[PDB]
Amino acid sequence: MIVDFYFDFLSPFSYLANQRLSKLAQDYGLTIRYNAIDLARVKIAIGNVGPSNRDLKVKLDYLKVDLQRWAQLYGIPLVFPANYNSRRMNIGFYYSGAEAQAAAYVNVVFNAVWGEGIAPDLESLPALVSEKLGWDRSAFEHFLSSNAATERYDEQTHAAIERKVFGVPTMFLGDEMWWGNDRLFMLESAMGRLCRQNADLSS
């Protein structure tokens, strides 16, 4: 069974969605196709150009409580990094090869940025992540600055916009799209239905 998952490492809701999806992948063997995209570009594309939630103090005060609530529900830490400069790490996703390595990348970077609150533009973060994944630090850093890497990122963000993605985390299963970690229960129900039909418990 395949879910397409769209995220931007600047998003704490994406951090939560990624933890929950990864546990479905590990516990139930669900297949996730990962897509790192530019939330900024996708917003601009649909004309969503007002102030961001991050720039609206009263709303941000609440969302920080909401985020701690879900973190507690999921039994994980959630710590705000010093900035939302996620471009380099988003691009770095496209170095990953196989499913297992793409998932490991996404989990290591999310845990570093939103689990530990490490700035996503920290200059040593590519090396720290390379060590964890057993990658060649220098090859990885060279990839991060390559024209091809930015092209791959641009391509995927474009494909997301074509698919009517307007925010993150967004998940597709078949023709159904859900936006939000708080919609994963709907994805989980859709998944159960498809499991039952494929088991002939349901027509």
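Residues carry their position along the shown sequence, with the first being 1.
Please compare 73-81 with 93-101 and say which has the higher mean C-alpha temperature factor in the record.
Mean CA B-factor is higher for 93-101.
Which is higher on average in the deposited entry, the C-alpha temperature factors of 104-112 or of 129-137?
Per the PDB record, 129-137.
Per the coordinate record, which of the options 68, 170, 157, 52 holds the highest CA temperature factor?
That would be 52, according to the entry.
What third of its chain, lowest, middle or highest, does the C-alpha temperature factor of residue 42 fall into?
Middle third of the chain for residue 42's C-alpha B-factor.
Looking at the temperature factor on the CA atom of residue 17, which third of the chain's modelled residues does it land in?
For residue 17, the deposited C-alpha B-factor lands in the lowest third.
For the chain shown, is the CA B-factor of residue 164 in the lowest, middle or highest third of its modelled residues?
Within its chain, residue 164 is a middle-third residue by C-alpha B-factor, going by the deposited values.
Classify residue 144 as lowest, middle or highest third according to the C-alpha B-factor given in the PDB entry, relative to its own chain.
Its C-alpha B-factor, which the entry lists for residue 144, ranks in the middle third among residues of this chain.
What third of the chain does residue 186 rank in for C-alpha temperature factor, lowest, middle or highest?
Lowest third.
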